[PDB]
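Asks: File name final.tsv; file contents TSV, N, CA and C atoms; full text below.
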chain	number	residue	atom	x	y	z
A	1	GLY	N	71.73	-176.96	-8.95
A	1	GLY	CA	71.99	-176.13	-7.77
A	1	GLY	C	70.66	-175.90	-7.09
A	2	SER	N	70.05	-174.73	-7.32
A	2	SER	CA	68.60	-174.53	-7.41
A	2	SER	C	67.97	-174.29	-6.03
A	3	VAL	N	67.46	-173.08	-5.80
A	3	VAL	CA	66.77	-172.66	-4.57
A	3	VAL	C	65.71	-171.62	-4.97
A	4	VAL	N	64.72	-171.36	-4.11
A	4	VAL	CA	63.61	-170.41	-4.28
A	4	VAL	C	62.63	-170.91	-5.35
A	5	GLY	N	61.36	-170.51	-5.24
A	5	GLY	CA	60.28	-170.92	-6.13
A	5	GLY	C	59.82	-169.86	-7.13
A	6	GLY	N	60.32	-168.63	-7.01
A	6	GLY	CA	59.80	-167.43	-7.67
A	6	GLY	C	58.89	-166.66	-6.72
A	7	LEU	N	58.64	-165.37	-6.97
A	7	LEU	CA	57.63	-164.60	-6.24
A	7	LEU	C	56.23	-165.07	-6.64
A	8	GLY	N	56.00	-165.28	-7.93
A	8	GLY	CA	54.70	-165.69	-8.42
A	8	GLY	C	54.68	-165.80	-9.94
A	9	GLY	N	55.11	-164.74	-10.64
A	9	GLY	CA	55.09	-164.62	-12.09
A	9	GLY	C	55.80	-163.33	-12.48
A	10	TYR	N	55.05	-162.35	-13.00
A	10	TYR	CA	55.42	-161.04	-13.51
A	10	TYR	C	56.66	-160.98	-14.42
A	11	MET	N	56.87	-159.79	-15.00
A	11	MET	CA	58.01	-159.36	-15.80
A	11	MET	C	58.71	-158.23	-15.04
A	12	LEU	N	59.91	-157.84	-15.46
A	12	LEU	CA	60.68	-156.70	-14.96
A	12	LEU	C	60.76	-155.69	-16.10
A	13	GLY	N	60.30	-154.47	-15.85
A	13	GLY	CA	60.32	-153.39	-16.82
A	13	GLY	C	61.73	-152.89	-17.10
A	14	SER	N	61.87	-152.21	-18.23
A	14	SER	CA	62.96	-151.29	-18.46
A	14	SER	C	62.88	-150.16	-17.43
A	15	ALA	N	64.01	-149.50	-17.22
A	15	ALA	CA	64.15	-148.50	-16.20
A	15	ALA	C	63.54	-147.19	-16.68
A	16	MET	N	63.20	-146.33	-15.72
A	16	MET	CA	63.15	-144.90	-15.88
A	16	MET	C	63.74	-144.30	-14.62
A	17	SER	N	63.99	-143.00	-14.67
A	17	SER	CA	64.55	-142.28	-13.54
A	17	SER	C	63.44	-141.87	-12.57
A	18	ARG	N	63.81	-141.35	-11.40
A	18	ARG	CA	62.86	-141.05	-10.33
A	18	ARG	C	61.86	-140.00	-10.83
A	19	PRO	N	60.56	-140.13	-10.52
A	19	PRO	CA	59.53	-139.16	-10.90
A	19	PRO	C	59.61	-137.82	-10.14
A	20	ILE	N	60.53	-137.67	-9.17
A	20	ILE	CA	60.83	-136.42	-8.47
A	20	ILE	C	59.55	-135.92	-7.78
A	21	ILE	N	59.12	-136.68	-6.79
A	21	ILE	CA	57.89	-136.44	-6.05
A	21	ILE	C	58.18	-135.36	-5.02
A	22	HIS	N	57.40	-134.29	-5.04
A	22	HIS	CA	57.36	-133.31	-3.97
A	22	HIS	C	56.13	-133.63	-3.12
A	23	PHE	N	56.20	-133.40	-1.81
A	23	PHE	CA	55.13	-133.68	-0.86
A	23	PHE	C	54.54	-132.41	-0.26
A	24	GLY	N	55.13	-131.26	-0.58
A	24	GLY	CA	54.78	-129.97	0.01
A	24	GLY	C	55.08	-129.96	1.50
A	25	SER	N	56.22	-130.54	1.87
A	25	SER	CA	56.78	-130.50	3.20
A	25	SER	C	58.28	-130.55	3.02
A	26	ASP	N	59.00	-129.58	3.58
A	26	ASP	CA	60.45	-129.46	3.44
A	26	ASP	C	61.16	-130.58	4.19
A	27	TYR	N	60.59	-131.05	5.30
A	27	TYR	CA	61.02	-132.28	5.95
A	27	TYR	C	60.94	-133.42	4.94
A	28	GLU	N	59.80	-133.56	4.26
A	28	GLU	CA	59.60	-134.64	3.30
A	28	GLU	C	60.41	-134.42	2.01
A	29	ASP	N	60.98	-133.23	1.81
A	29	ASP	CA	61.69	-132.82	0.61
A	29	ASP	C	63.13	-133.28	0.77
A	30	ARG	N	63.80	-132.73	1.79
A	30	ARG	CA	65.13	-133.08	2.25
A	30	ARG	C	65.22	-134.49	2.85
A	31	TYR	N	64.12	-135.23	2.88
A	31	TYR	CA	64.12	-136.66	3.13
A	31	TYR	C	64.18	-137.35	1.77
A	32	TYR	N	63.14	-137.15	0.95
A	32	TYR	CA	62.99	-137.79	-0.35
A	32	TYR	C	64.22	-137.58	-1.24
A	33	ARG	N	64.68	-136.33	-1.40
A	33	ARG	CA	65.80	-135.94	-2.24
A	33	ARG	C	67.05	-136.79	-2.01
A	34	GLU	N	67.28	-137.15	-0.76
A	34	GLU	CA	68.47	-137.88	-0.34
A	34	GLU	C	68.17	-139.38	-0.35
A	35	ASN	N	66.96	-139.78	0.03
A	35	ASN	CA	66.52	-141.18	0.04
A	35	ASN	C	66.45	-141.74	-1.38
A	36	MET	N	66.04	-140.94	-2.37
A	36	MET	CA	65.89	-141.37	-3.76
A	36	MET	C	67.20	-141.88	-4.36
A	37	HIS	N	68.33	-141.51	-3.75
A	37	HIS	CA	69.65	-142.01	-4.09
A	37	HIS	C	69.78	-143.54	-3.93
A	38	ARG	N	68.81	-144.25	-3.32
A	38	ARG	CA	68.78	-145.72	-3.21
A	38	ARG	C	67.49	-146.35	-3.76
A	39	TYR	N	66.63	-145.58	-4.44
A	39	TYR	CA	65.26	-146.00	-4.76
A	39	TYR	C	65.20	-146.96	-5.95
A	40	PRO	N	64.04	-147.60	-6.22
A	40	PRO	CA	63.92	-148.50	-7.36
A	40	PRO	C	64.16	-147.73	-8.66
A	41	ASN	N	64.68	-148.42	-9.67
A	41	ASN	CA	64.95	-147.86	-10.99
A	41	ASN	C	64.04	-148.48	-12.05
A	42	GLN	N	63.47	-149.65	-11.75
A	42	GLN	CA	62.54	-150.42	-12.56
A	42	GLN	C	61.44	-150.89	-11.62
A	43	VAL	N	60.50	-151.65	-12.18
A	43	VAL	CA	59.27	-152.09	-11.55
A	43	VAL	C	58.86	-153.44	-12.18
A	44	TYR	N	57.92	-154.17	-11.58
A	44	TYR	CA	57.44	-155.48	-12.01
A	44	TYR	C	55.96	-155.44	-12.44
A	45	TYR	N	55.64	-155.92	-13.65
A	45	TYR	CA	54.31	-155.85	-14.27
A	45	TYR	C	54.07	-156.97	-15.28
A	46	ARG	N	52.93	-156.91	-16.00
A	46	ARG	CA	52.51	-157.88	-17.01
A	46	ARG	C	52.59	-157.23	-18.41
A	47	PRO	N	52.41	-157.95	-19.53
A	47	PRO	CA	52.16	-157.33	-20.83
A	47	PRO	C	50.79	-156.63	-20.88
A	48	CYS	N	50.49	-155.93	-21.97
A	48	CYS	CA	49.18	-155.31	-22.17
A	48	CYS	C	48.05	-156.34	-22.31
A	49	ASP	N	48.38	-157.60	-22.55
A	49	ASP	CA	47.44	-158.70	-22.75
A	49	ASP	C	46.83	-159.18	-21.43
A	50	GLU	N	47.29	-158.64	-20.31
A	50	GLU	CA	46.95	-159.05	-18.95
A	50	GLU	C	46.47	-157.82	-18.15
A	51	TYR	N	45.86	-156.87	-18.86
A	51	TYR	CA	45.17	-155.73	-18.28
A	51	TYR	C	44.04	-156.22	-17.38
A	52	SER	N	44.13	-155.95	-16.07
A	52	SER	CA	43.03	-156.13	-15.14
A	52	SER	C	43.04	-154.91	-14.23
A	53	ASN	N	42.36	-153.85	-14.67
A	53	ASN	CA	42.29	-152.54	-14.01
A	53	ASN	C	43.66	-151.85	-13.94
A	54	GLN	N	43.71	-150.60	-13.46
A	54	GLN	CA	44.96	-149.89	-13.20
A	54	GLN	C	45.21	-149.84	-11.69
A	55	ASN	N	44.20	-149.52	-10.88
A	55	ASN	CA	44.35	-149.36	-9.43
A	55	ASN	C	44.96	-150.61	-8.80
A	56	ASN	N	44.25	-151.75	-8.88
A	56	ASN	CA	44.72	-152.98	-8.25
A	56	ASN	C	46.05	-153.43	-8.84
A	57	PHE	N	46.22	-153.27	-10.16
A	57	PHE	CA	47.46	-153.56	-10.85
A	57	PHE	C	48.61	-152.81	-10.17
A	58	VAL	N	48.56	-151.48	-10.19
A	58	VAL	CA	49.56	-150.58	-9.63
A	58	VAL	C	49.79	-150.93	-8.16
A	59	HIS	N	48.77	-151.22	-7.34
A	59	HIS	CA	49.01	-151.47	-5.92
A	59	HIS	C	49.69	-152.81	-5.66
A	60	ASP	N	49.36	-153.86	-6.41
A	60	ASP	CA	50.05	-155.16	-6.30
A	60	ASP	C	51.47	-155.06	-6.85
A	61	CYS	N	51.63	-154.32	-7.94
A	61	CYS	CA	52.91	-153.91	-8.49
A	61	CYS	C	53.75	-153.23	-7.42
A	62	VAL	N	53.24	-152.18	-6.76
A	62	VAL	CA	53.94	-151.49	-5.68
A	62	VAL	C	54.46	-152.52	-4.70
A	63	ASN	N	53.60	-153.42	-4.22
A	63	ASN	CA	54.00	-154.43	-3.25
A	63	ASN	C	55.22	-155.16	-3.74
A	64	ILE	N	55.14	-155.82	-4.89
A	64	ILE	CA	56.23	-156.59	-5.47
A	64	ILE	C	57.55	-155.82	-5.44
A	65	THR	N	57.63	-154.67	-6.11
A	65	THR	CA	58.90	-153.95	-6.26
A	65	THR	C	59.42	-153.43	-4.91
A	66	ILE	N	58.54	-152.98	-4.01
A	66	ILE	CA	58.91	-152.57	-2.66
A	66	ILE	C	59.40	-153.79	-1.89
A	67	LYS	N	58.60	-154.85	-1.74
A	67	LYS	CA	58.96	-156.12	-1.13
A	67	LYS	C	60.30	-156.58	-1.65
A	68	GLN	N	60.53	-156.47	-2.96
A	68	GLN	CA	61.78	-156.88	-3.55
A	68	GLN	C	62.94	-156.10	-2.96
A	69	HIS	N	62.92	-154.77	-3.01
A	69	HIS	CA	64.06	-154.04	-2.48
A	69	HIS	C	64.17	-154.24	-0.96
A	70	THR	N	63.04	-154.27	-0.26
A	70	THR	CA	62.89	-154.61	1.15
A	70	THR	C	63.66	-155.90	1.48
A	71	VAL	N	63.40	-156.99	0.76
A	71	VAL	CA	63.99	-158.31	0.99
A	71	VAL	C	65.49	-158.26	0.69
A	72	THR	N	65.86	-157.41	-0.25
A	72	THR	CA	67.19	-157.22	-0.76
A	72	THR	C	68.00	-156.27	0.13
A	73	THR	N	67.39	-155.68	1.17
A	73	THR	CA	68.07	-154.84	2.15
A	73	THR	C	68.01	-155.42	3.57
A	74	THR	N	66.94	-156.12	3.94
A	74	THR	CA	66.81	-156.88	5.17
A	74	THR	C	68.01	-157.79	5.44
A	75	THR	N	68.63	-158.38	4.40
A	75	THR	CA	69.79	-159.22	4.64
A	75	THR	C	70.88	-158.36	5.29
A	76	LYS	N	71.14	-157.16	4.75
A	76	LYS	CA	72.16	-156.27	5.27
A	76	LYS	C	71.82	-155.75	6.67
A	77	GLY	N	70.54	-155.73	7.01
A	77	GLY	CA	70.01	-155.36	8.32
A	77	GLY	C	69.23	-154.04	8.30
A	78	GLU	N	69.01	-153.45	7.13
A	78	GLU	CA	68.25	-152.22	6.91
A	78	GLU	C	66.92	-152.22	7.66
A	79	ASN	N	66.45	-151.04	8.08
A	79	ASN	CA	65.22	-150.83	8.81
A	79	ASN	C	64.56	-149.55	8.28
A	80	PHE	N	63.61	-149.70	7.37
A	80	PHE	CA	62.77	-148.61	6.88
A	80	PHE	C	61.72	-148.19	7.93
A	81	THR	N	61.10	-147.02	7.74
A	81	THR	CA	60.02	-146.49	8.57
A	81	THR	C	58.73	-146.40	7.76
A	82	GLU	N	57.66	-145.99	8.44
A	82	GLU	CA	56.38	-145.73	7.81
A	82	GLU	C	56.55	-144.71	6.70
A	83	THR	N	57.17	-143.58	7.02
A	83	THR	CA	57.39	-142.55	6.04
A	83	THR	C	58.22	-143.10	4.87
A	84	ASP	N	59.25	-143.91	5.13
A	84	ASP	CA	60.06	-144.51	4.08
A	84	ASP	C	59.20	-145.34	3.12
A	85	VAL	N	58.41	-146.28	3.65
A	85	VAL	CA	57.53	-147.13	2.84
A	85	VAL	C	56.55	-146.24	2.08
A	86	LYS	N	55.86	-145.33	2.76
A	86	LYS	CA	54.88	-144.48	2.10
A	86	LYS	C	55.53	-143.64	0.99
A	87	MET	N	56.81	-143.29	1.14
A	87	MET	CA	57.55	-142.45	0.21
A	87	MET	C	57.87	-143.23	-1.05
A	88	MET	N	58.40	-144.43	-0.91
A	88	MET	CA	58.61	-145.31	-2.03
A	88	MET	C	57.28	-145.71	-2.66
A	89	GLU	N	56.18	-145.91	-1.93
A	89	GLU	CA	54.91	-146.34	-2.53
A	89	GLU	C	54.50	-145.32	-3.57
A	90	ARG	N	54.55	-144.04	-3.21
A	90	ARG	CA	54.38	-142.90	-4.11
A	90	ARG	C	55.21	-143.05	-5.38
A	91	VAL	N	56.50	-143.37	-5.28
A	91	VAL	CA	57.35	-143.50	-6.48
A	91	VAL	C	56.98	-144.77	-7.23
A	92	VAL	N	57.02	-145.93	-6.59
A	92	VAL	CA	56.83	-147.20	-7.26
A	92	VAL	C	55.48	-147.19	-7.99
A	93	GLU	N	54.45	-146.58	-7.40
A	93	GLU	CA	53.16	-146.34	-8.01
A	93	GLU	C	53.30	-145.45	-9.24
A	94	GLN	N	53.87	-144.24	-9.11
A	94	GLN	CA	54.14	-143.34	-10.23
A	94	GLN	C	54.80	-144.06	-11.41
A	95	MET	N	55.87	-144.81	-11.13
A	95	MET	CA	56.59	-145.57	-12.13
A	95	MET	C	55.71	-146.66	-12.73
A	96	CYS	N	54.77	-147.21	-11.95
A	96	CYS	CA	53.94	-148.30	-12.43
A	96	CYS	C	52.90	-147.77	-13.42
A	97	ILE	N	52.23	-146.67	-13.04
A	97	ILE	CA	51.26	-145.94	-13.86
A	97	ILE	C	51.92	-145.57	-15.19
A	98	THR	N	53.11	-144.97	-15.11
A	98	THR	CA	53.88	-144.57	-16.27
A	98	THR	C	54.19	-145.77	-17.18
A	99	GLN	N	54.56	-146.94	-16.65
A	99	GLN	CA	54.85	-148.07	-17.53
A	99	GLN	C	53.58	-148.67	-18.13
A	100	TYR	N	52.43	-148.60	-17.46
A	100	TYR	CA	51.16	-149.02	-18.06
A	100	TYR	C	50.82	-148.07	-19.22
A	101	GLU	N	51.07	-146.76	-19.08
A	101	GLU	CA	50.93	-145.78	-20.16
A	101	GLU	C	51.84	-146.13	-21.33
A	102	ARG	N	53.11	-146.39	-21.03
A	102	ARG	CA	54.10	-146.73	-22.05
A	102	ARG	C	53.78	-148.10	-22.66
A	103	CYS	N	52.95	-148.93	-22.02
A	103	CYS	CA	52.40	-150.14	-22.63
A	103	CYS	C	51.37	-149.77	-23.70
A	104	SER	N	50.43	-148.89	-23.35
A	104	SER	CA	49.40	-148.39	-24.26
A	104	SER	C	49.95	-147.76	-25.55
A	105	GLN	N	51.19	-147.26	-25.53
A	105	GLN	CA	51.89	-146.80	-26.72
A	105	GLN	C	51.98	-147.91	-27.78
A	106	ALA	N	52.32	-149.14	-27.37
A	106	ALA	CA	52.37	-150.28	-28.28
A	106	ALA	C	51.01	-150.51	-28.94
A	107	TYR	N	49.90	-150.39	-28.20
A	107	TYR	CA	48.54	-150.53	-28.72
A	107	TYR	C	48.16	-149.39	-29.68
A	108	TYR	N	48.86	-148.26	-29.62
A	108	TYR	CA	48.74	-147.16	-30.57
A	108	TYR	C	49.57	-147.37	-31.82
A	109	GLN	N	50.63	-148.15	-31.71
A	109	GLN	CA	51.61	-148.37	-32.78
A	109	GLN	C	51.37	-149.66	-33.56
A	110	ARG	N	50.71	-150.66	-32.96
A	110	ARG	CA	50.17	-151.79	-33.71
A	110	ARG	C	49.22	-151.35	-34.80
A	111	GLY	N	48.45	-150.29	-34.55
A	111	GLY	CA	47.46	-149.82	-35.48
A	111	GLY	C	48.17	-148.88	-36.43
A	112	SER	N	48.40	-149.31	-37.67
A	112	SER	CA	48.46	-148.37	-38.77
A	112	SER	C	47.05	-147.84	-38.96
Would you kindly transcribe this structure into structure tokens?

Replies:
Amino acid sequence: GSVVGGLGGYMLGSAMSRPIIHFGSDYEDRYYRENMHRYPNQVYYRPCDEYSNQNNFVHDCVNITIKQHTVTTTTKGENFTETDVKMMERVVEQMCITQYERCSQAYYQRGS
């Protein structure tokens, strides 16, 4: 059959629930609270064997998972805004940091 080449590489994490980001703006509160009802549940990353910083990791990670849902909604005709992208970046980043932490757990558990 066979179409598409892949994005590049990466893995898909196990899920976690939304990190429940407050922005200290009630506009941004009653936006996020309702928008999170469609947000990412997982994220895309490497094993612990492919550690190359946290900052650049998390930001390229953000791109992938955002681009992914973006591409997966553009077909339907969806149109996000600046605030929408910036709002998900906050979450997808939070979730990415958290999964790099949950990677480091394995490095704690390999060691008796």

Asks: Between CA of residue 99 (chain A) and atom C of residue 34 (chain A), what is the distance, to one decimal in Å?

Replies: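 Result for CA of residue 99 (chain A) versus atom C of residue 34 (chain A): 23.4 Å, one decimal.
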
Asks: Take CA of residue 78 (chain A) and CA of residue 31 (chain A) and report the distance between them in Å, one decimal.

Replies: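 So the two atoms, CA of residue 78 (chain A) and CA of residue 31 (chain A), lie 16.5 Å apart.
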
Asks: Find, counting all atoms listed in the file, the residue in A:75, A:53, A:35, A:41 that gets nearest to residue 14 (chain A).

Replies: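 Between A:75, A:53, A:35, A:41, the residue approaching residue 14 (chain A) most closely is A:41.
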
Asks: List as a ChimeraX atom specification the protein and nucleic acid residues near residue 13 (chain A), meaning an atom at most 8 Å away when only N, CA and C atoms are counted, but skip any in the same chain fewer than 5 places from it.

Replies: /A:41-46,99

Asks: Could the residues in this selection be written to a file with N, CA and C atoms, as a PDB file, keeping the file's coordinate frame?

Replies:
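Resulting contents of out-v7.pdb:
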ATOM      1  N   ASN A  41      64.680-148.420  -9.670  1.00  0.00           N
ATOM      2  CA  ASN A  41      64.950-147.860 -10.990  1.00  0.00           C
ATOM      3  C   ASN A  41      64.040-148.480 -12.050  1.00  0.00           C
ATOM      4  N   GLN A  42      63.470-149.650 -11.750  1.00  0.00           N
ATOM      5  CA  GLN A  42      62.540-150.420 -12.560  1.00  0.00           C
ATOM      6  C   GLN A  42      61.440-150.890 -11.620  1.00  0.00           C
ATOM      7  N   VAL A  43      60.500-151.650 -12.180  1.00  0.00           N
ATOM      8  CA  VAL A  43      59.270-152.090 -11.550  1.00  0.00           C
ATOM      9  C   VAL A  43      58.860-153.440 -12.180  1.00  0.00           C
ATOM     10  N   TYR A  44      57.920-154.170 -11.580  1.00  0.00           N
ATOM     11  CA  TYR A  44      57.440-155.480 -12.010  1.00  0.00           C
ATOM     12  C   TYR A  44      55.960-155.440 -12.440  1.00  0.00           C
ATOM     13  N   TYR A  45      55.640-155.920 -13.650  1.00  0.00           N
ATOM     14  CA  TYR A  45      54.310-155.850 -14.270  1.00  0.00           C
ATOM     15  C   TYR A  45      54.070-156.970 -15.280  1.00  0.00           C
ATOM     16  N   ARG A  46      52.930-156.910 -16.000  1.00  0.00           N
ATOM     17  CA  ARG A  46      52.510-157.880 -17.010  1.00  0.00           C
ATOM     18  C   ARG A  46      52.590-157.230 -18.410  1.00  0.00           C
ATOM     19  N   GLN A  99      54.560-146.940 -16.650  1.00  0.00           N
ATOM     20  CA  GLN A  99      54.850-148.070 -17.530  1.00  0.00           C
ATOM     21  C   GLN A  99      53.580-148.670 -18.130  1.00  0.00           C
TER      22      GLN A  99
END

Asks: When distances are computed from all atoms listed in the file, which of A:40, A:111, A:47, A:77 shows the smallest separation from residue 65 (chain A)?

Replies: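 Selected residue with least distance to residue 65 (chain A): A:40.
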
Asks: Any idea what the distance is between atom N of residue 76 (chain A) and CA of residue 5 (chain A)?

Replies: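 Those two atoms sit 20.6 Å apart.
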
Asks: For residue 18 (chain A), which of A:58, A:36, A:96, A:79 is the closest residue, counting only C-alpha atoms?

Replies: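 Ranking A:58, A:36, A:96, A:79 by distance to residue 18 (chain A), first place goes to A:36.
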
Asks: I'd like to know which of A:16, A:48, A:7, A:92 is closest to residue 62 (chain A), using all atoms listed in the file.

Replies: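 Between A:16, A:48, A:7, A:92, the residue approaching residue 62 (chain A) most closely is A:92.
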
Asks: Considering only N, CA and C atoms, state which residue in the set A:19, A:74, A:102, A:68 is at the smallest distance from residue 90 (chain A).

Replies: A:19

Asks: Write out as JSON, numbers by chain all residues of chain A that DSSP puts in strand (DSSP E or B) for this structure's backbone.

Replies: {"A": [11, 12, 44, 45]}

Asks: Please determine, counting only N, CA and C atoms, which residue among A:39, A:105, A:11, A:81 has the shortest atom-to-atom distance to residue 69 (chain A).

Replies: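 Selected residue with least distance to residue 69 (chain A): A:39.
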
Asks: Within chain A, find each residue whose DSSP state, derived from the backbone, is helix (DSSP H, G or I), and express the selection as a PyMOL selection string.

Replies: chain A and resi 26-38+48-50+55-74+82-109

Asks: How would region 11-31 of chain A look with N, CA, C and O atoms restored, written as a compact mmCIF listing (two decimals), in the frame of the given file?

Replies:
# COMPACT_ATOMS: atom_id res chain seq x y z
N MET A 11 56.87 -159.79 -15.00
CA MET A 11 58.01 -159.36 -15.80
C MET A 11 58.71 -158.23 -15.04
O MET A 11 58.10 -157.62 -14.16
N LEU A 12 59.91 -157.84 -15.46
CA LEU A 12 60.68 -156.70 -14.96
C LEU A 12 60.76 -155.69 -16.10
O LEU A 12 61.21 -156.01 -17.20
N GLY A 13 60.30 -154.47 -15.85
CA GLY A 13 60.32 -153.39 -16.82
C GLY A 13 61.73 -152.89 -17.10
O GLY A 13 62.66 -153.08 -16.32
N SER A 14 61.87 -152.21 -18.23
CA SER A 14 62.96 -151.29 -18.46
C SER A 14 62.88 -150.16 -17.43
O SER A 14 61.84 -149.90 -16.82
N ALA A 15 64.01 -149.50 -17.22
CA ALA A 15 64.15 -148.50 -16.20
C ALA A 15 63.54 -147.19 -16.68
O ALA A 15 63.47 -146.92 -17.88
N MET A 16 63.20 -146.33 -15.72
CA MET A 16 63.15 -144.90 -15.88
C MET A 16 63.74 -144.30 -14.62
O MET A 16 63.90 -144.98 -13.60
N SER A 17 63.99 -143.00 -14.67
CA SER A 17 64.55 -142.28 -13.54
C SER A 17 63.44 -141.87 -12.57
O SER A 17 62.25 -142.03 -12.85
N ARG A 18 63.81 -141.35 -11.40
CA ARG A 18 62.86 -141.05 -10.33
C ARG A 18 61.86 -140.00 -10.83
O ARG A 18 62.29 -139.02 -11.43
N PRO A 19 60.56 -140.13 -10.52
CA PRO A 19 59.53 -139.16 -10.90
C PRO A 19 59.61 -137.82 -10.14
O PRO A 19 58.86 -136.90 -10.47
N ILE A 20 60.53 -137.67 -9.17
CA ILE A 20 60.83 -136.42 -8.47
C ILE A 20 59.55 -135.92 -7.78
O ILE A 20 58.91 -134.93 -8.16
N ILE A 21 59.12 -136.68 -6.79
CA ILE A 21 57.89 -136.44 -6.05
C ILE A 21 58.18 -135.36 -5.02
O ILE A 21 59.12 -135.48 -4.22
N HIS A 22 57.40 -134.29 -5.04
CA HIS A 22 57.36 -133.31 -3.97
C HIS A 22 56.13 -133.63 -3.12
O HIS A 22 55.12 -134.12 -3.65
N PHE A 23 56.20 -133.40 -1.81
CA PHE A 23 55.13 -133.68 -0.86
C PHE A 23 54.54 -132.41 -0.26
O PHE A 23 53.57 -132.47 0.48
N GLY A 24 55.13 -131.26 -0.58
CA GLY A 24 54.78 -129.97 0.01
C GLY A 24 55.08 -129.96 1.50
O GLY A 24 54.29 -129.45 2.30
N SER A 25 56.22 -130.54 1.87
CA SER A 25 56.78 -130.50 3.20
C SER A 25 58.28 -130.55 3.02
O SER A 25 58.77 -131.46 2.36
N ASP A 26 59.00 -129.58 3.58
CA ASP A 26 60.45 -129.46 3.44
C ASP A 26 61.16 -130.58 4.19
O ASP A 26 62.21 -131.06 3.75
N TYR A 27 60.59 -131.05 5.30
CA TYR A 27 61.02 -132.28 5.95
C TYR A 27 60.94 -133.42 4.94
O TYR A 27 61.92 -134.14 4.76
N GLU A 28 59.80 -133.56 4.26
CA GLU A 28 59.60 -134.64 3.30
C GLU A 28 60.41 -134.42 2.01
O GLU A 28 60.50 -135.31 1.18
N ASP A 29 60.98 -133.23 1.81
CA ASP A 29 61.69 -132.82 0.61
C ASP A 29 63.13 -133.28 0.77
O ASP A 29 63.58 -134.20 0.11
N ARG A 30 63.80 -132.73 1.79
CA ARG A 30 65.13 -133.08 2.25
C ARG A 30 65.22 -134.49 2.85
O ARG A 30 66.28 -134.88 3.34
N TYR A 31 64.12 -135.23 2.88
CA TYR A 31 64.12 -136.66 3.13
C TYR A 31 64.18 -137.35 1.77
O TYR A 31 65.16 -138.01 1.46
